[PDB]
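**Q** can't give you the sequence, but here's the structure:
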RNA sequence: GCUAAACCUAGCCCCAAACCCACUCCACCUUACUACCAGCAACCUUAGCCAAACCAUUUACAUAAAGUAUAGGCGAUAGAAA
RNA sequence: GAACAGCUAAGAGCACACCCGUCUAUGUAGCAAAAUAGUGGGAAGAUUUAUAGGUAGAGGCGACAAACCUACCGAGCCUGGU
RNA sequence: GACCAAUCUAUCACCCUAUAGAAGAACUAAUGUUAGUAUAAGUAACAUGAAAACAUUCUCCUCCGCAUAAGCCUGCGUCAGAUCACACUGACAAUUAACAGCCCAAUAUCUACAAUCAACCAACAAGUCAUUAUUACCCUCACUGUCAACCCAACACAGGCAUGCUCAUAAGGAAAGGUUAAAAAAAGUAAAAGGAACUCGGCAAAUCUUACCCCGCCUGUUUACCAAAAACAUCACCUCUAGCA
Ligand SMILES: [Mg+2]
Ligand SMILES: [Mg+2]
Ligand SMILES: [Mg+2]
Ligand SMILES: [Mg+2]
Ligand SMILES: [Mg+2]
Ligand SMILES: [Mg+2]
Ligand SMILES: [Mg+2]
Ligand SMILES: [Mg+2]
Ligand SMILES: [Mg+2]
Ligand SMILES: [Mg+2]
Ligand SMILES: [Mg+2]
Ligand SMILES: [Mg+2]
Ligand SMILES: [Mg+2]
Ligand SMILES: [Mg+2]
Ligand SMILES: [Mg+2]
Ligand SMILES: [Mg+2]
Ligand SMILES: [Mg+2]
Ligand SMILES: [Mg+2]
Ligand SMILES: [Mg+2]
Ligand SMILES: [Mg+2]
Ligand SMILES: [Mg+2]
Ligand SMILES: [Mg+2]
Ligand SMILES: [Mg+2]
Ligand SMILES: [Mg+2]
Ligand SMILES: [Mg+2]
Ligand SMILES: [Mg+2]
Ligand SMILES: [Mg+2]
Ligand SMILES: [Mg+2]
């Protein structure tokens, strides 16, 4: 029902709510999968309700009763997502020992910088796809000059930061 | 106005500093240290020069032929431009000739 | 003529306006006569269970105790599921024809 | 926030703080180091500079971002709060911060300003220990359930069962959904 | 979900499932007084019409009849002291219409 | 006649004459984009 | 006295020393920030300004030997090793 | 692909829209770093134009004006030699 | 040749001075550069139709206005404060597809009588629109644009802009901040006798017009931005080259 989009009408107009303590990681880890799914659904419903309340308050030109509950709900959702991701990673490592769920591999584009190419998933192989064939992967030699220039710029920035830290330490020592 | 107003704080200066109290020490080791190390090796500075006065153009050629093998691209280009300009201004422009 | 202006659907002409579009995620395709085909298999189905008699609540009480954080690892899961290893005194190595394959992300979330 | 943010008396999230430090300030950052902090909020301290150079009090706020410590009832400067209208109003003695060193900690019974060390004791592990003698200085310093609050035992039931079954497949088996169709192989390039 | 790669359904694949939804939704007050049983919704970008229909029918069980979504443009005529543009976050808007003539009215708060 | 109006805006021609595809087809645009990235500009190309 | 005037700290140059960076989540060579379907791509003597009052051959990319031999419209110049 | 009223009657004639501007006057730091009215030639044809692609300088194009190629083209600007 | 303002360095100084080491070491000018401010100057340029109960009414103009391809991205609605008065500063939300876009499985394979009321009349520039048999196919409403006083001209710019529509009306707007009308200039109304006699030129405004010479076939184009032609190009003639995919 649409009534779930708002809290108890008795609490409408109070500028104060008694609810906090976000779900930590250990508490989520110490729960089954169905209970975790139900908790995630309830937290999503609560987040929707709190977002609707925030929008209504912004439209009414009034402050928020307590966004701490929304922050804690977001933290609990993030913790649940992290726990689920860790469980999936452990299952994948114990099933095939493969790191990173999404497959991929390193490649060299035109710029030469070693970029972690991401797979797009296709239906036909790679030895006949017209579009993928155009996406070449090679930097050629002439880009070596630009690569050296970028490396020199990075080294200059690093040396500048080092001299900056050294001057800061010297000034601190001089002050005392 | 160019001149400021309030005076500056008292510029403290430690005349008996660790470097000042030891400035010039251990120098001249050759005339009495049975000649074991030249004073030119005591100064701590650039690697391409360490005991050779020279001149601007000469110092530039030295830095090029001694560090140019590991210098940056822009730095090497600027050094070459400076050397060429100094040569064109010395071996042609000037006075008394 | 603006470089900072992020290109979107409210800029180009009718062609690019209708081609790009926001994150639509193609669910079907067209069949010549501008007759879109809504593939029932590609349409998502929100598997929402019944929230009848739920014990926990979206908010915890401060009176509860505090425990240390210990990210679960593969070694702990293996030590836990160690029934056949001890009984020696079942595994799925190849899962290419499995329902929800592990390595190739085939299951949503 | 941008670098060199001059942390004022007000917190970094109030209207007064935002008005004091707009997003176009470039003041001179004051120099401050001292990672092993020891002045906590609510500790018996004693001032040794300016007004009340001896009277003891209690620390209220501790802004370690600039080595500032506010004591209660000491180093107070009067202020005409608000004033709303154009008249007298009301005066309130507002406190001020105090850098460390100048303000040392107070002993329990000795009641003197002395330095504290971080000795690794057997209690696990580092704790405040005075120099004049031992005296382990302690640290400074109800919730009925609500409608959306869990409980004290439900969150400690431990219902997880480690089994290689995946969350998606487990939910599918629990809900009773069936799908005899198989997932044909796909490419990944 | 949102910001997640989807499994490409070839031809003889299984039904696409969606466990643990990521994206969210939130309703707002009518702008120019919408007709009866017409609820507004602020939907993110990664979300279609049938997606929201199934979302509602599965979560809130609201008998959704017809839906008509659209994208809104965010303001961008404002500069700070740095003379840099600021584009507000864009979002999609929907106009859900209940069935059976339930007649829903936007409730008010702050009495 | 008025010579202060030569611009005829058109996203199609703009993106076709200065597009990522056109800037990566030949090594000229590749070097252009590399120099732009080295300079540190925000936008590399239309 | 209106308008004004100063603050100096963020950061910059030199070498002295090591050889650097680089995928949480989706997106990026088609119109870049676009989940999705039948076709060739690589290796090239750099020129030129300027000085000989023009200008063609000519003009530069630890110490000592040595600015020597040697080359050079044998003139302006260039210039090694054992 | 689009446009060309009507009138007299054929790369015909007058004349709407429309294409260009032979002349006066104002403007000359102005409406405009090339504007305002008619007298002006055409206005079913060597006619104008909406969209896209191709021809780039030792070059392209050119019903030759040695004219144009982004306000200054006897050969547009940038980069490095300068 | 004799001195010397400023700085850092090594020397006791210490209400500001001395001995030596260094010069990015010392400004009335280089139509020199940056920042503010005098000078013409409170001069040139400038807007807002009238009454009023601010409900409303009155006077005039209109080749302008409606929707859309090209183009912009919230850019005169509300809320509080800023001020020719405000389109200025922060929140509010719009703009919901049926209109347009996002579009076609393969194999052999074939469309001689243009359109112009197309039937009389026909013509040259010879012309824009079609399918056959087999295989496999049965799930169907997903995404984008939708506002405005709006685009390109550094400006709120007499400037430039295509398609279907009545082109003057059912659209679209206000040339007059208020007083007097010194001098000079410009756009209009009339003129006692002449109608080109001032003027190198019939060069603005009106009549509406007769007979000649040079050159150019006539149309068309040229130096966008001072010369628009007596120049440029050819329907006609003529010279040379080429026996082929
Ligand atoms: Mg202009
Ligand atoms: Mg010379
Ligand atoms: Mg010469
Ligand atoms: Mg040798
Ligand atoms: Mg003329
Ligand atoms: Mg003049
Ligand atoms: Mg003519
Ligand atoms: Mg005519
Ligand atoms: Mg006509
Ligand atoms: Mg040039
Ligand atoms: Mg001066
Ligand atoms: Mg001058
Ligand atoms: Mg001067
Ligand atoms: Mg004057
Ligand atoms: Mg007016
Ligand atoms: Mg519109
Ligand atoms: Mg006036
Ligand atoms: Mg008369
Ligand atoms: Mg008369
Ligand atoms: Mg006379
Ligand atoms: Mg006469
Ligand atoms: Mg005459
Ligand atoms: Mg006549
Ligand atoms: Mg002619
Ligand atoms: Mg001219
Ligand atoms: Mg002319
Ligand atoms: Mg001709
Ligand atoms: Mg001809």
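**A** Everything's here; your move. Numbering: from 1, shown residues only, chains lettered A, B, ... in the order given. Ligands and ions are numbered 1, 2, ... in the order given.
**Q** so residue E:42: helix, strand or coil?
**A** Counting by DSSP: H, G, I helix; E, B strand; the rest coil, the backbone at residue E:42 sits in strand.
**Q** what are the bridge partners for it, then?
**A** residue E:26, residue E:93 (DSSP bridges).
**Q** quick one: residues contacting residue C:28.
**A** Going by CB atoms under 8 Å, 6 or more residues apart in numbering or on different chains, residue C:28 touches C:36-39, C:42. All C-beta atoms are positioned from the backbone trio N, CA, C, and that covers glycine.
**Q** can you pick the most crowded of those residues?
**A** residue C:42 (19 neighbours; other CB atoms under 10 Å in any protein chain shown).
**Q** contact residues of chain D facing RNA strand G?
**A** D:3-4, D:28-29, D:31 (CB under 7 Å from any atom of the strand).
**Q** most widely separated two among those?
**A** Across the residues of chain D next to RNA strand G, the longest distance by CB to CB is 14.6 Å; it joins D:3 and D:31.
**Q** more crowded one of those two?
**A** Using other CB under 10 Å as the criterion, residue D:3 and residue D:31 rank with residue D:31 on top: 13 against 5.
**Q** before we move on, back to that, and of the contacts of residue C:28, the nearest to residue B:4?
**A** residue C:42 (75.7 Å).
**Q** got the contact list for the closest one?
**A** C:27-28, E:9, E:16.
**Q** so what's the residue of chain A found nearest chain E closest to, chain neighbours aside?
**A** For chain A and chain E, the shortest gap (CB to the nearest CB) falls at residue A:51, measuring 4.0 Å. In space, and not counting its chain neighbours, residue A:51 is closest to residue E:26: 4.0 Å by CB to CB, 6 or more residues apart in numbering or on different chains.
**Q** surely the one you found and residue E:42 touch.
**A** Yes: applying CB atoms under 8 Å as the test, residue E:26 and residue E:42 come out as touching, 5.2 Å apart.
**Q** which neighbours do those two share?
**A** Contacts common to residue E:26 and residue E:42, judged by CB under 8 Å, 6+ apart, are residue A:55.
**Q** looking at those two, which one has more neighbours?
**A** residue E:26 (21 against 17).
**Q** show me the contacts for the more buried one.
**A** Neighbours of residue E:26 in contact, by CB under 8 Å, 6+ apart: A:48, A:51-52, A:55, E:41-42.
**Q** what's the spacing between residue D:112 and residue D:105?
**A** Using CB to CB, to the nearest Å, residue D:112 is found at 10 Å from residue D:105.
**Q** which of those two has more neighbours?
**A** Taking other CB under 10 Å, residue D:112 and residue D:105 do not tie; residue D:105 has more neighbours (20 against 12).
**Q** which elements pack onto the helix or strand containing that one?
**A** According to DSSP states H and E, residue D:105 maps onto strand D:103-106. Here strand D:103-106 touches strand D:44-47, strand D:113-114, going by 3 or more CB pairs under 8 Å, 6 or more residues apart in numbering or on different chains; DSSP states H and E.
**Q** contacts for the shortest one, please.
**A** What it means is strand D:113-114. D:46, D:48, D:104-107, D:130-132.
**Q** just the buried subset of those residues, written out for ChimeraX, thanks.
**A** Selecting only the buried entries of those in ChimeraX, with 16 or more other CB atoms under 10 Å in any protein chain shown as the criterion:
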select /D:46,104,105,106,107,130
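**Q** export the contacts of strand D:113-114 as TSV, with columns for distance to residue A:24.
**A** Below are the contacts of strand D:113-114 laid out as TSV (distance: CB to CB, whole Å):
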residue	distance to residue A:24
D:46	40
D:48	44
D:104	38
D:105	34
D:106	37
D:107	39
D:130	37
D:131	40
D:132	42
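**Q** so which of the contacts of strand D:113-114 also contact RNA strand H?
**A** Near RNA strand H, by the rule CB under 7 Å from any atom of the strand, you find none of the contacts of strand D:113-114.
**Q** between the contacts of strand D:113-114, which is closest to residue D:81?
**A** Residue D:81 lies nearest to residue D:46 out of the contacts of strand D:113-114, by CB to CB, at 28.5 Å.
**Q** hmm, back to that, how far away from the center of its chain is the strand holding residue D:105?
**A** Distance of strand D:103-106 from its chain centroid, counting by CA atoms, centre = their mean, to the nearest Å, is 20 Å.
**Q** repeat for stretch A:38-45
**A** Counting by CA atoms, centre = their mean, stretch A:38-45 comes out at 20 Å from the chain centroid.
**Q** contacts for that stretch?
**A** A:4, A:23, A:28, A:31, A:73, A:76-77, A:80, C:48-49, C:51, C:54, C:56-58, E:20-21, E:24, E:59.
**Q** ok, now with 6 Å
**A** A:73, A:76-77, A:80, C:54, C:56, C:58, E:20 (CB atoms under 6 Å, 6 or more residues apart in numbering or on different chains).
**Q** now, of those, which are buried?
**A** Using 16+ other CB under 10 Å as the burial test, the contacts of stretch A:38-45 include A:73, A:76-77, A:80, C:56, C:58, E:20 as buried.
**Q** SS state for the closest residue to chain F within chain C?
**A** The minimum distance from chain C to chain F, using CB to the nearest CB, falls at residue C:3 (3.8 Å). Secondary structure, three-state DSSP: residue C:3 is coil.
**Q** for burial, what's the neighbour tally of the closest residue to it other than its chain neighbours?
**A** Leaving aside its sequence neighbours, residue C:3 sits nearest to residue F:43 (CB to CB, 6+ apart; 3.8 Å). By other CB under 10 Å, the residues close to residue F:43 number 11.
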